[PDB]
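Coming up is one lone chain in C-alpha cells, specifically the form deposited in one PDB entry.
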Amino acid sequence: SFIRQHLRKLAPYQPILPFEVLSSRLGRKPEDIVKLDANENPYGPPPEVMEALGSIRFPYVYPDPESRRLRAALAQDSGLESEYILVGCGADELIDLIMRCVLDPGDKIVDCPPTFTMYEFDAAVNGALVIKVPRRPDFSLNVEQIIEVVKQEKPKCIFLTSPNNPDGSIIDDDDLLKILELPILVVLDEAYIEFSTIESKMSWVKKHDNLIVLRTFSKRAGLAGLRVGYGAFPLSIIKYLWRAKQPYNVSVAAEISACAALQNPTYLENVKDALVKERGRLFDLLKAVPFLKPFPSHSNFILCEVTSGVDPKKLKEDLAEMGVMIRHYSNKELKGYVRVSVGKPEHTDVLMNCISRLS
C-alpha cells in the first residue's frame, strides 16, 4: 500500500449527519426533525447572509487568498490589528494547519479530555503523539499535572477549549497564564465564547508569542454550513502559516457570508440572548430527569452524565428514532455522557416529550 504507516490504524472521526440525510434515515421531513447534536444555531444567520449569497457577483473567480475584506471586518470586531488574524475553512482548518506547521511526526501534544475530539483526531492524522492529562471531576484543568508532563516530555503544543466542549466550563485566567509560562504553544479555542460573559483573549497574542486564539462563525453566527472561522496569531508564527496555508480554502461564499453576518450585530446579539435564556430552562428540565446529571455551562450546550444503569448510546439512538438528535461520542472519555445543544424553546419541548416516553 502507498498509505503512510501511521494512517493504517487511524481511528476515524465520528461526524454527524445533516437534515437531508437524516430525513431519509428517520422517515421524517427535515422540519419534523429536532437536531440538537452539533451546537448549531437553530435561528440561522442574519437575513443579510442569504441576500448576499443569492447575489454573488463572481462565483467563477477564485477567492481572495488573503481574505482581506473579512480580516478588516474582524479587526473592527475584535480590536486586534488584521496582521494578527487568519481566516480558515472553519476553525477546523486552523486547528489542522497549526498542527501541520508545528508538529513533526513523533512530536508530542497535550490534550485535556473530556474535550473536543478533533484535537486527538488531527494529532493522529498528522502523526503526532498525544499526552492525555485528564480534567478534574468538575472539568477544570489539572495544571499541576500539565506542568509535570511538559517538563518531562517536552511537548510542542497544547489545545485548550474555553468554554469547553462538551461541558461548557471556562478556564480561569490564572491557569491559562501559568500554562503560558511553559515552553509550549498554547492554542485557546474560543469557539463558544459568545454564549459566555467572558471577554475574548484575542488581544493576549500581542503579549504572548506562544498563544493562539481560535474563533468561528459556525455557532453563534449560524454559518456552520459555509465553513468560515478565524484566529489571532503572534506575528512570528503567522508569517510562516501564511506561506504554508492552502491559497483558496476560504470560499467566496464563506467570506461574503461572514462579512454579511457582521453587518447585523443586533440580530447576532438577540439570537445569542435567546439561546442563553433557553440554556437555563433546558438545564432545569434535564436536571429533573432521574437518570441525567447535567453540568453547568457557559456555551450553547449542556452535558449530561447518564446514570441509574441507563445505556447512554441506546438513549441517544432511541431519541433519534423518535425524531430528536443529541450527541453521543464512542470513545472511552466521552461514552458515558450525552450532549444536548440548546435550540428554540419548542425544540427543548419536543426533546422532553420524547424523554418522557422512553422505554
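Basically, rigid core = biggest C-alpha set you can superpose within 1.5 Å across the two forms. Note that residue numbering follows the sequence shown and begins at 1.
Item to check | Between the two ranges 199-207 and 246-254, the one averaging a larger CA B factor in the entry | outcome: Higher mean C-alpha B-factor in the PDB entry: 199-207.
Checklist entry - Do the C-alpha atoms of 154-162 or of 139-147 have the higher average B factor in the entry? => result In the deposited entry, the stretch with the higher C-alpha B-factor mean is 139-147.
Checklist entry - Highest CA temperature factor in the entry: which of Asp172, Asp122, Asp189, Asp111? => result Within the set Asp172, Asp122, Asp189, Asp111, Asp172 shows the top C-alpha B-factor.
Item to check | Residue with maximal Cα B-factor (values as given in the PDB entry) among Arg69, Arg327, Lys35, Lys313 | outcome: Of the candidates given, the C-alpha B-factor peaks at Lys313.
Checklist entry - For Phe58, does the deposited CA B-factor place it in the lowest, middle or highest third of the chain? => result CA B-factor rank for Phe58: middle third.
Checklist entry - So where's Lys272 on the chain's Cα temperature factor ranking, which third? => result It belongs to the middle third of the chain when residues are ordered by C-alpha B-factor.
Next on the checklist: Ranking the modelled residues of this chain by C-alpha B-factor as given in the entry, is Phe301 in the lowest, middle or highest third?
Outcome noted: Bottom third by C-alpha B-factor.
Next on the checklist: Please place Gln14 in the lowest, middle or highest third of its chain according to the CA B-factor in the PDB entry.
Outcome noted: For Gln14, the deposited C-alpha B-factor lands in the middle third.
Checklist entry - In terms of the chain's CA B-factor thirds, is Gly88 lowest, middle or highest? => result Lowest third.
This protein has a second form, the form deposited in another entry, left out of what is shown; the following refers to that one.
Checklist entry - After a core superposition, would you say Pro65 shifts its C-alpha by at least 2 Å between this form and the one not shown? => result It does not, since the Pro65 C-alpha is displaced less than 2 Å between this form and the one not shown after the core fit.
Item to check | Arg25 C-alpha shift between this form and the one not shown of 2 Å or more, rigid core reference | outcome: Yes; that C-alpha moves by at least 2 Å between this form and the one not shown.
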